[PDB]
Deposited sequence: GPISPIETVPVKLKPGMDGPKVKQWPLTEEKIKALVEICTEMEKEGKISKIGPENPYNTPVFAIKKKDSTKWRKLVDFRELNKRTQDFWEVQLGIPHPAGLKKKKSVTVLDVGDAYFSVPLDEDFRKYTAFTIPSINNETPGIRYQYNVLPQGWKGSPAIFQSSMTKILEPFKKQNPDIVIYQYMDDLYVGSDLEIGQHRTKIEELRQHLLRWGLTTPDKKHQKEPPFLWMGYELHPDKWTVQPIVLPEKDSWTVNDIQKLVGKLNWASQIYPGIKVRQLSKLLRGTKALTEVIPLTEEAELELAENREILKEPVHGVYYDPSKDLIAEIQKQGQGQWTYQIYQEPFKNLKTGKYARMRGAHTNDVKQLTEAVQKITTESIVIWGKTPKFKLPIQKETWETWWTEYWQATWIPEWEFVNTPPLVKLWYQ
């Protein structure tokens, strides 16, 4: 009810980010949503003396039919002061990723109950564009904590912890973690028990209040990892052995003691690629020794919260995608694979967008932040389409990979 003073970081001005082009349906949706928000006092029209801008668009959350406004505050978020005054920061909870079930709630609507510092409001400016620029874009700024701004959960935190204490005190084994507009609630209860607890939780927010109804269910205890595995064959061709030596050479950068000497020796001469080569005892032993090495964890892997997380993704075909999350090369913190790309059988870009959201969710649950993606797509293709398939209320950072990696072969 009293505002927290907020400032940008020293020697930085506000965001001045171009609004990207919007379809007619998204413009009409945003005009209707913002008319209501203005009436409720959440946003106000602004004049030309505010030169700032942040892009806005509209999405449909997963399994929903109502448009949701999504403001892309990535630039403002980078420019906004860090928040450690009251809390040093919320040590991320390591137990969340160990829960049998985690449900994600959209609690962003709670933030609109808290006013935003009057001197900071100008930096939240956004524009609803018109088709063909025929009419001046409709200009607004926020009067209340905005969804998607990193300052919102931070300022609202005292209110949330006070709203939640009785649920926590009554259920001490539930893990509850807030990230941006999301609330992550983990338990080891039978799902039925679990959903009732979730609905119990909704009621507290509802009671305090006077898209919240939705629930994204995850099961991180079943989440899958990808160790390095070598083929088991009875007949090896020259080509098979070449592929094996290739894969082992790559793996030797991750694992110290990998050897290819004896396997390489099998191919002495200049043989047809399809010729079958019997493994010698020396080669089988070396292979066996390599297999044993690959059953052990990679050495010297640790998470440093001061460093960015990086996520790489490979298209494997037939709807399959592999990914790795690391901070230092060859020191993977997590690897994985998807094939269950939903409602996207003839659309690569929709699949990739879904993969990016899934990986980001995993990252939030495990480390409490989003990774920087290296995306296997041309910039122009990604930027034209990703917004069509986006269902999350946060947005990670990304860069583009223009040269085909050879490593794709090694995660297949």
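Undergrad: Where does the model have holes with respect to the deposited sequence?
TA: Missing CA coords at 1-5, 216-227.
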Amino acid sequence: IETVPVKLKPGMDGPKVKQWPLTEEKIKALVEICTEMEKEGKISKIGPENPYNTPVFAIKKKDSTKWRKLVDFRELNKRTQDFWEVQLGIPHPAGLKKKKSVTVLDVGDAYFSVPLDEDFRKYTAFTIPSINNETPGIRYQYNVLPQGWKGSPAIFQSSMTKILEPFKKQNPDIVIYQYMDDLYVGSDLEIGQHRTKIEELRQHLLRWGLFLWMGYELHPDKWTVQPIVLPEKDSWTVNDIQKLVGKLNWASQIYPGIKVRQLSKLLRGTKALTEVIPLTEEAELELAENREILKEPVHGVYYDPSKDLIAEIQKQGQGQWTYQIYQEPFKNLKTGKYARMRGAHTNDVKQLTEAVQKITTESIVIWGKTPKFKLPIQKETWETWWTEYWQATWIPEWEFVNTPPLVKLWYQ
From here on, numbers count along this sequence of modelled residues.
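Whichever C-alpha set is largest while still superposing within 1.5 Å between the two forms counts as the rigid core.
Undergrad: In 6 other deposited structures of this protein, superposed on the rigid core, which stretch sits farther off in Cα RMS terms, 80-88 or 308-316?
TA: Of the two stretches, the larger average C-alpha offset in 6 other deposited structures of this protein falls on 80-88.
Undergrad: For a rigid core alignment of each structure in 6 other deposited structures of this protein onto the shown form, which stretch has the higher root mean square Cα deviation: 326-334 or 290-298?
TA: Checking 326-334 against 290-298 in 6 other deposited structures of this protein, I find the farther stretch is 290-298.
Undergrad: Compared with other deposited entries of this protein, is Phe211 missing coordinates in at least a third of those that cover its neighbours?
TA: Yes, a third or more of the compared structures omit it.
Undergrad: Return whichever of 77-85 and 179-187 has the greater mean Cα B factor according to the PDB record.
TA: Stretch with the higher mean C-alpha B-factor: 77-85.
Undergrad: Is the mean CA B factor in the deposited entry higher across 38-46 or across 370-378?
TA: So the stretch with the higher mean C-alpha B-factor is 38-46.
Undergrad: Choose from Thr135, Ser159, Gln314, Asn249 the residue with the greatest Cα B-factor as stated in the PDB record.
TA: Top of the list by C-alpha B-factor: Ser159.
Undergrad: Out of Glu328, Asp240, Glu292, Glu199, which one has a C-alpha B factor higher than all the others in the entry?
TA: Across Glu328, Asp240, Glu292, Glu199, the entry lists the biggest C-alpha B-factor for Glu199.
Undergrad: Lowest, middle or highest third: which one holds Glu286 when the chain's residues are ordered by CA B-factor from the entry?
TA: Middle third.
Undergrad: Grab the CA temperature factor for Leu267 from the record and place it in the lowest, middle or highest third of its chain.
TA: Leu267: CA B-factor falls in the middle third of its chain.
Undergrad: Once the chain's modelled residues are ordered by C-alpha B factor and cut into thirds, is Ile128 in the lowest, middle or highest one?
TA: As the PDB entry reports it, the C-alpha B-factor of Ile128 lands in the lowest third of its chain.
Undergrad: Report the third (lowest, middle or highest) to which the CA temperature factor of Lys66 belongs, ranking only the modelled residues of the same chain.
TA: Tercile = highest for this residue's CA B-factor.
Undergrad: Based on the entry's values, in what third of the chain does the Cα temperature factor of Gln203 lie: lowest, middle or highest?
TA: Its C-alpha B-factor belongs to the highest third of this chain's values.
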